Amino acid sequence: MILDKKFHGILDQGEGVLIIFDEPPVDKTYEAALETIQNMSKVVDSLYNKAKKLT
Amino acid sequence: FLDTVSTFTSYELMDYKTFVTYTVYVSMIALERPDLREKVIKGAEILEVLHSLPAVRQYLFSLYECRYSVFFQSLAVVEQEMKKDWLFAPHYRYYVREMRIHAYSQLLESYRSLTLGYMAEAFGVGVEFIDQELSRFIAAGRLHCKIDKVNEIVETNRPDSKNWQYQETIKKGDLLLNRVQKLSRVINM
Amino acid sequence: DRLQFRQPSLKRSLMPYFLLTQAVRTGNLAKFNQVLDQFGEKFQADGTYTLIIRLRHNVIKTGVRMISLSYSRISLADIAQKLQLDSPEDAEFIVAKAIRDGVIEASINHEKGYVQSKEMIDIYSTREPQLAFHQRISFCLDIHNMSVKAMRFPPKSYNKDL
Amino acid sequence: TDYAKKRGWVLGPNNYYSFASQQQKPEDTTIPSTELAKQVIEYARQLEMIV
Amino acid sequence: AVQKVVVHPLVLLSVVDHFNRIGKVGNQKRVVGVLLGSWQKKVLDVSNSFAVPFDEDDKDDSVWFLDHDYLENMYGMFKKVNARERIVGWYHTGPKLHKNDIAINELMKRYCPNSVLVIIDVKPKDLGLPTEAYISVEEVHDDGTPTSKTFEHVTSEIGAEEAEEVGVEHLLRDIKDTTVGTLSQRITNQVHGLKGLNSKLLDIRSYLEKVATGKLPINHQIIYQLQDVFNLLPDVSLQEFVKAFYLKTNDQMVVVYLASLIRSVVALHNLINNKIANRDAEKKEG
Amino acid sequence: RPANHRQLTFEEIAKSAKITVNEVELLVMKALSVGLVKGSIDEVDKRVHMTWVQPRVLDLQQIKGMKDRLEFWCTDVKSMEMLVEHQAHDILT
Amino acid sequence: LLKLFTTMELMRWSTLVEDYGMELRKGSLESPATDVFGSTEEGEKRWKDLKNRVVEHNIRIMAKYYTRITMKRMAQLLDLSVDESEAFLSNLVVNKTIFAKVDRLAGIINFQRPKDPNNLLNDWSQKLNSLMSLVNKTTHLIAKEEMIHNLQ
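Sequence order as written determines residue numbers, which begin from 1 on each chain and need not coincide with the entry numbering; residues that lack coordinates are not included. The order in which chains are written sets their letters, starting at A; the order in which ligands are written sets their numbers, starting at 1. The assembly from which these chains come is larger than what is shown, and the figures reported cover only the shown chains. Side-chain calculation: all heavy atoms of the structure are included, whereas hydrogens and water are not.

In terms of determination method and resolution, the entry is listed under cryo-EM at 6.8 Å.

This is the structure we're talking about:
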């Protein structure tokens, strides 16, 4: 069920320590990464345009 | 392979059962459990074609139930079937390692502190082999954090969530830094 | 190794060196000592055998570094045979020589006669974060700021004549 | 003899004791916050000076 | 009763008129005017007001001069033209609070309802808020001192309704609006330190002096709560706030990424045009 | 002590009030029952945490400490203000 | 009723034993205690559930307090087994004990100290504290500034 990720938790064998944690800022890193990836295409295409207009 | 519903028997290139036998590798290995549940488990295709051979069904059930006992026992058949193929020959080294590291990552996903006993009983293999195995999967594998044997029990940390999610953009950030250094290089010449 | 760059030059240039540079991670002294000199041509034609006579005994340092990246507990038999060196003194001695380098992290402890290590490779995440990425933020912001200057001055060089 | 008057450490029951190891106390975070504020000022300068 | 009040600049500008029509007297003592507003609503609102002659004596401080007839006439005509505003209280331009002010306010405490007292300065050298709203109520004293009129500080804000903003903005053409950005924010981030500096320096000195060197038991008891507030922050080591600093610095990193990326996007058109326009202009020049 | 390791222990309390370690829980329970103290200790290992309290009548050393901490705070705020505004006025204005 | 009102102090029920006993003894007021106890099962159920209700109640009272009263030691001071305490926890799960922090090693329980989100808990606390400090420092300061004018 943890592998199914229906909830937040992790098991243990020897120690038997149960740890529960969550990560609220989900929408931040996603949109940030999307912005980076999208802008990469812009910069690369710009490099293509400059390489075309120069050499 | 989502078009398998409309696919029929073809004597021109490859037979249907051969196509299924070929795609079962990428479907079982390259696709994780959510992908399986979303595609093949929800789909009736594998439900229909599992009656073809008893092997495939066992291979799927053993992996889905995370049982390496029968898996390593039938692993020989999988290895022999993997090789001696036309186009599937050069990749026989890749699928094995990929499946092993995928199984290890899957098992270490829901587990943090693992004792040697339960692990040795689960995999049914010696500790000395998984020793060098995991030891290689640390550096060369690059899956999880450092493992310490001081307690004679496998214990990980894996802070790959919180700070690391924000540290996923540092690589593309450095690449972007080099790329704007390139942009600065185009300047004036 | 070579990944992103595909050209039919560096490949052929690295072909004789590929086997040995791949053999570096393995770290076998005895065999590769003869193997290098066997087919060795160009890198030994570099002259005066300098970086290679350094490399020969650098193999054991990179190897013990791989041990530093490996587990803590050191066997008197198993890993001693794996490293092809068996002796109580030189083991802990060379290990200590790897510790004094400061390139790794280890905790020297003696209780039953066995030497353990904490060997924590864990990053700066959730440990003194500010002082950790401080210089990174400053430097990267400096680069991005001189990049702002780089998007500043050339447009002026465009607008100078118009 | 020499290293005793050189290193100037303590000697126990036939054993060498080591001190001042990772016992260093971190900062109060007040000073680096101030120098970071100064860095913010410098950022204000570099971003807007010529303006 | 009243949580907060609203004071329009018009009355203070009427005080500016009080400093206008003086005509070089050579007396220029405190002048008590009559403030008007709406006591109907919970929040007090000041529209306009008028002025009444007020004189005192050099030696004797108990001398105060008001006018009932002029007040009833002015308020009568003002109520005749506008029924949306009535009497509330009075105000003085004196920087210091005289003891006779309780007797001065007692009149409007009798004839009118409870009055609010406003203290301002004759010379606008004060950087802080010139207007302090003081409600007049009778509170039970803890020390056991006889019940007397006590002035309690009430928070206030300076604002205008509709046209007054336009009039002020037109007459000034100097001051700037909020204008979110670099200079508008950094000006505040600079001068605010002085805003606290001059005030605190003007306060804690006279405080330190009058505490040890002085008498007339003004009930220092509240100042123990003052010092208590000063002790509410026992030099936190920030050790618990480290994670908060990490999150804040993470947000700072987000700002860095956003800035760098956006500026990288803006640099496109510039680092295109700077080439393509110049080369074409140059090749088509001759 | 307004500063310098506010953190304390029940040792001093039990020594001054000559009471055992068993009755200090009921003691602080009564202390929280009155409502003059908001103190709540999050401790695991033996510890005592303290909070806001009323000066009430008077203290001389707390007056000296008042003028001291106040003078220090004031000259610090002044020093930082002048230090920042020094370059801030020139490079920004 | 005063002890059941608010701010209940921890005390032994053995002192209340003879109180309820004499409450059964005297017929001046609240006489039909025997009529209340007329049913053998009902009386025991009501009594046991009363003791359970108050032994839950005081826990709910100290739940607001972060003082960490260490119920492990409290069980020793009350001279009771931990089994019925675990039963009281079985009552606590339907009493909504869902917010808490426990330990595998020791029996120390924590009704506070959560993950502490930087934008929520410490943020709100710093908000209220700093704001109250600022406005309070704003009031009595200038209030005193007005008070020293009475000396002139």
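*Asks:* Can you lay out the overall build of chain A for me, pointing to particular residues and giving the numbers?
*Replies:* Secondary structure assignment for chain A yields 1 helix and 0 strands. With the radius of gyration taken over C-alpha atoms, the globule rule is written as 2.2 Å times the number of residues to the power 0.38. Taking 10 Å as the expected radius of gyration for a compact globule of 55 residues, we find that chain A reaches 22 Å, considerably beyond that expectation. Each principal axis of the C-alpha distribution contributes one length, and for chain A these read about 65 × 25 × 15 Å. Residue burial is assigned from relative accessible area. The probe radius is 1.4 Å, only protein chains are included, and a residue is buried under 20% of its type maximum, exposed over 50%, and partly exposed in between. Counting across all 55 residues of chain A, residues that qualify as buried make up 29%. Just so you have it, chain A exposes about 3,900 Å², and 62% of that area is on carbon and sulfur atoms. A helix here means a DSSP run of H or I that spans at least four residues, while a strand means a run of E at least two residues long, and both kinds are numbered starting from the N terminus. Methods summary: accessible areas were calculated by the Shrake-Rupley approach with a probe of 1.4 Å, and residue burial reflects only the protein chains presented.

*Asks:* A description of the interface of chain B and chain A should follow, citing residues and the corresponding values.
*Replies:* Should any heavy atoms of two residues lie within 4.5 Å, those residues are considered in contact. Each partner contributes to the interface: chain B provides 22 residues, whereas chain A provides 27 residues. Buried area: the sum, over both parts, of the accessible surface (1.4 Å probe) that disappears when the two are put together. A combined buried area of about 2,300 Å² lies between chain B and chain A, and 63% of that area is made up of carbon and sulfur atoms. The largest contributions to the chain B side of the interface with chain A come from B:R112, B:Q165 and B:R179, which together make up 26% of the buried area. Salt bridge, as used here, is a side-chain nitrogen of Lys or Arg placed within 4 Å of a carboxyl oxygen of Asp or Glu. At the boundary of chain B and chain A, one finds 2 salt bridges. Between A:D4 and B:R33 there is a salt bridge whose closest N-O contact spans 3.8 Å.

*Asks:* Describe helix α9 (residues 127-141) of chain B, listing the residues and the values that go with them.
*Replies:* Along its 15 residues, α9(B) runs just 18 Å from first to last C-alpha, ending more than 12% under the 21 Å computed at 1.5 Å per residue. Along its buried surface, α9(B) packs onto α7 (92-109) and α8 (116-123) of chain B together with α3 (50-68) of chain C. Following α9(B) by one or two positions, B:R142 adopts a phi angle in the positive range, close to 55°. The span you would expect from a helix comes to 1.5 Å times its residue count less one.

*Asks:* Help me get a handle on the nonpolar core, residues and values and all.
*Replies:* Here, nonpolar core means buried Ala, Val, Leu, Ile, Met, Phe, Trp, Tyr and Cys residues that are tied together by side-chain atoms lying within 4.5 Å of each other. By size, the foremost hydrophobic cluster in this structure holds 26 residues, and its most contacted members are B:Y25, B:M28, B:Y68, B:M99, B:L114, B:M119 and B:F123. When residues of this core are traced back to their parent elements, those giving at least two are α1 (16-29), α4 (54-64), α5 (68-73), α6 (75-82), α7, α8 and α9 of chain B. Sorting elements by how many residues they give to this core places α7(B) first, with 7 residues. Excluding residues within four positions of it along the chain, B:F123 makes contact with B:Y68, B:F72, B:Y104 and B:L107. Of all hydrophobic cores here, the second largest spans 20 residues; its members include E:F50, E:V52, E:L71 and E:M108.

*Asks:* Can you tell me about the packing of helix α6 (residues 129-150) of chain C against helix α2 (residues 30-47) of chain D, naming the residues and giving the values?
*Replies:* Axis geometry follows a simple rule: fit a line to the C-alpha atoms, using only the stretch in contact for helices, then measure angles between N-to-C directions, giving values from 0 to 180 degrees. At a minimum axis distance of 11 Å, the contact between α6(C) and α2(D) shows a crossing angle of 5°. Considered as vectors, α6(C) and α2(D) are oriented roughly parallel to each other. Contacts between α6(C) and α2(D) involve C:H134, C:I137, C:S138, C:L141, C:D142, C:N145 and C:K149 from the former and D:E35, D:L36, D:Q39, D:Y43, D:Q46 and D:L47 from the latter. Classes in brief: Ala, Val, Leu, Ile, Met, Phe, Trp, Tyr, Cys and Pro nonpolar; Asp, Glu, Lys and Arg charged; the others, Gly included, polar. Looking at the contact of α6(C) with α2(D) residue by residue, the class counts come to 5 nonpolar, 5 polar and 3 charged. The labels follow the angle: roughly parallel below 35 degrees, roughly antiparallel above 145, roughly perpendicular from 65 to 115, and oblique for the rest.

*Asks:* Any chance you could break down the side chain of C:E119 for me, citing the residues and the numbers?
*Replies:* Positionally, C:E119 belongs in the loop between α5 (88-99) and α6. One polar contact links C:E119 to B:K146, side chain to side chain, over a distance of 3.3 Å. At 2.9 Å, the side chain of C:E119 forms a polar contact with the backbone nitrogen of C:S72. Apart from residues no more than four positions distant in its own chain, C:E119 is found in contact with B:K146, B:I147, B:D148, C:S68, C:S70, C:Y71, C:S72, C:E105 and C:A106. Two N or O atoms count as a polar contact when they lie within 3.5 Å, although within protein this holds only if one can serve as hydrogen donor and the other as acceptor, and sequence-adjacent residues are included solely when both atoms are side-chain atoms.

*Asks:* Could you give an account of the packing of aromatic side chains, with specific residues and numbers?
*Replies:* Any two rings among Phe, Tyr and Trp, with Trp reduced to its six-membered ring, count as a pair given centres within 6.5 Å; such a pair is stacked if its planes are under 30 degrees apart, edge-to-face if over 60, and tilted if neither. Taken as a whole and assessed by the stated rule, the structure comprises 17 aromatic pairs over all chains. Centre to centre, the rings of D:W9 and D:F19 are 6.0 Å apart; their planes meet at 70°, and the pair counts as edge-to-face. Separated by 10 residues along the polypeptide, D:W9 in the loop between α1 (2-7) and α2 and D:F19 in the loop between α1 and α2 bring together distant segments of the chain. We classify D:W9 as exposed; its relative accessible area is 53%. When its relative accessible area of 45% is taken as the criterion, D:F19 is described as partly exposed. Among the aromatic residues, ring-to-ring pairing joins B:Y68, B:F71, B:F72, B:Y104, B:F123 and B:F137 into one connected group. Sitting over a ring, as applied to charges here, requires NZ of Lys or CZ of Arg to be within 6 Å of the ring centre and within 35 degrees of the ring normal. Here the guanidinium or amino end of B:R33 rests over the ring plane of B:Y64, the centre of that ring lying 4.4 Å away. Between the NZ or CZ atom of F:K38 and the centre of the ring of F:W52, over which it lies, the distance is 5.1 Å.

*Asks:* An account of a positive patch on the surface is requested, with residue identities and associated values reported.
*Replies:* Residues and elements named next belong to chain C. Residues with no salt bridge and a relative accessible area higher than 30% make up the patches, which join like charges within 9 Å and nonpolar side chains (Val, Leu, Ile, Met, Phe, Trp, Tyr) within 5 Å. A residue counts as positive if it is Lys or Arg and as negative if it is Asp or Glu; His and the chain ends are not included. Charge coordinates come from a single atom per side chain, which is NZ of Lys, CZ of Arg, CG of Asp or CD of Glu. On the surface, a cluster of positive charge is contributed by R2, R6, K11 and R12. Its location among the elements puts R6 in the segment before α1 (10-23). The class for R6 is exposed, based on a relative accessible area of 75%.

*Asks:* How would you explain unusual backbone geometry if you had to name every residue and give the values?
*Replies:* In this structure, B:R142 is a non-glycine residue whose phi angle is positive, near 55°. Mapping B:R142 onto the fold places it in the loop between α9 and β2 (153-155). Of note in this structure, G:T70 is not a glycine but carries a positive phi near 55°. Among the secondary structure elements, G:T70 is positioned in the loop between α3 (40-64) and α4 (71-77).

*Asks:* Which residues make up empty space enclosed by the protein, and what values go with them?
*Replies:* A 1.4 Å probe that fits but cannot get out identifies a cavity on a 1 Å grid over protein atoms alone, an open set with protein on both sides within 12 Å along at least five of seven lines counts as a pocket, and a residue lines either if it has an atom within 4 Å of a point. Grid points are joined across faces, edges and corners, and a volume is the space filled by probe spheres set on the points. Under the defined criterion, the tally for this structure stands at 14 cavities of 30 Å³ or more. Taken as a whole, the largest cavity encloses approximately 330 Å³ of empty space. In terms of lining residues, the largest cavity is bounded by 24 residues, among which B:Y166, B:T169, B:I170, E:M253 and E:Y257 are the most central. Among the secondary structure elements, those contributing two or more residues to the lining of the largest cavity are α10 (162-166) and α11 (170-185) of chain B, α6 of chain C together with α7 (242-283) of chain E. The element contributing the most residues to the lining of the largest cavity is α7(E), with 7 residues. Among the residues making up the lining of the largest cavity, the classes are represented as 12 nonpolar, 9 polar and 3 charged. Volume-wise, the second largest cavity comes out at about 240 Å³.

*Asks:* Report on the pairing of strand β4 (residues 86-92) of chain E, specifying residues and quantitative values.
*Replies:* Regular strands place their side chains on alternate faces of the sheet. Residues and elements named next belong to chain E. In terms of residue burial, β4 counts as a mostly covered element, since 6 of its 7 residues are buried. Strands are treated as partners if at least two bridges between them are detected by DSSP. With 6 bridges connecting them, strand β2 (residues 32-38) and β4 associate as antiparallel partners. Across the sheet, residue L35 finds its bridge partner in β4, namely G89. The pairing of β4 with strand β5 (residues 116-119) spans 2 bridges and is parallel.

*Asks:* Talk me through the pairing of strand β7 (residues 149-158) of chain E; I want residue IDs and the actual numbers.
*Replies:* Residues and elements named next belong to chain E. Looking at chain direction, strand β1 (residues 4-7) and β7 are connected through 4 bridges and run parallel. Residue pairing in the sheet places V5 in a bridge with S156 of β7. Judged from the 6 bridges that link them, strand β6 (residues 132-138) and β7 form a sheet pairing that is antiparallel. Opposite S136, over in β7, you have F151 as the bridge partner.

*Asks:* Give me the lowdown on a negative patch on the surface, citing residues and values where you can.
*Replies:* On the surface, E:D45, E:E161, E:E162, E:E165, E:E169 and E:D177 cluster together to form a negatively charged patch. The topology assignment puts E:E169 in helix α4 (residues 163-172).

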